[PDB]
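# need the 3D shape of this:
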Amino acid sequence: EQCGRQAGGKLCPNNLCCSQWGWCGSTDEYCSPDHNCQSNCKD
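Numbering: from 1, shown residues only. Find the structure here:
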């Protein structure tokens with residue numbers, strides 16, 4: 001619930017990528033659609 005819908009849209013600093021599980025981070029798993037990204041998704 002760090003971010004994403006499962007958090008009420010709680011964006012994170014450093015513009016990190018928010019995973020599906022609702023977690024901020026700078027990984028493909030958190031940024032790519034292959035893993036159901038939420039916000040700051042890298043196209």
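# centroid residue for this structure?
The centroid of the chain falls nearest to residue 18 when counting by Cα atoms, centre = their mean (0.8 Å).
# any idea what it is bridged to?
Taking DSSP bridges, one obtains residue 24, residue 39 as the residues bridged to residue 18.
# need the contact list for it.
2-4, 11-12, 24, 30, 37-40 (Cβ atoms under 8 Å, 6 or more residues apart in numbering). All C-beta spots, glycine's among them, are computed from the backbone N, C-alpha and C.
# emit the PyMOL select command for whichever of those residues are buried.
Only the buried entries of these go into this PyMOL selection, using 16 or more other Cβ atoms under 10 Å:
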select buried, resi 2+3+4+12+24+30+37+38+39+40
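# was I right about residue 7 contacting residue 1?
Yes: under the criterion of Cβ atoms under 8 Å, residue 7 makes contact with residue 1 at 4.4 Å.
# any common contacting residues for the two?
Counting by Cβ under 8 Å, 6+ apart, the residues touching both residue 7 and residue 1 are residue 22.
# more neighbours: these two, which one.
Remark: of residue 7 and residue 1, residue 7 carries more neighbours, 17 against 11, as counted by other Cβ atoms under 10 Å.
# give me every residue that touches that one.
1, 22.
# next, count neighbours for the nearest residue to residue 35 once chain neighbours are set aside.
Using Cβ to Cβ, 6 or more residues apart in numbering and skipping the chain neighbours, the partner closest in space to residue 35 is residue 29 (4.8 Å). As a burial measure, residue 29 scores 15 neighbours (other Cβ under 10 Å).
# and residue 29, that one's in a helix?
Yes: counting by DSSP: H, G, I helix; E, B strand; the rest coil, residue 29 is part of a helix.
# wait, it sits on residue 19?
Yes: contact criterion Cβ under 8 Å: residue 29 and residue 19 qualify, at 6.3 Å.
# return every residue with contacts to both of those two.
residue 35.
# and the end-to-end length of stretch 32-43?
With Cα to Cα, to the nearest Å as the measure, stretch 32-43 spans 7 Å from end to end.
# ok, and what's touching that stretch?
3-5, 9, 11-12, 15-20, 22, 28-31.
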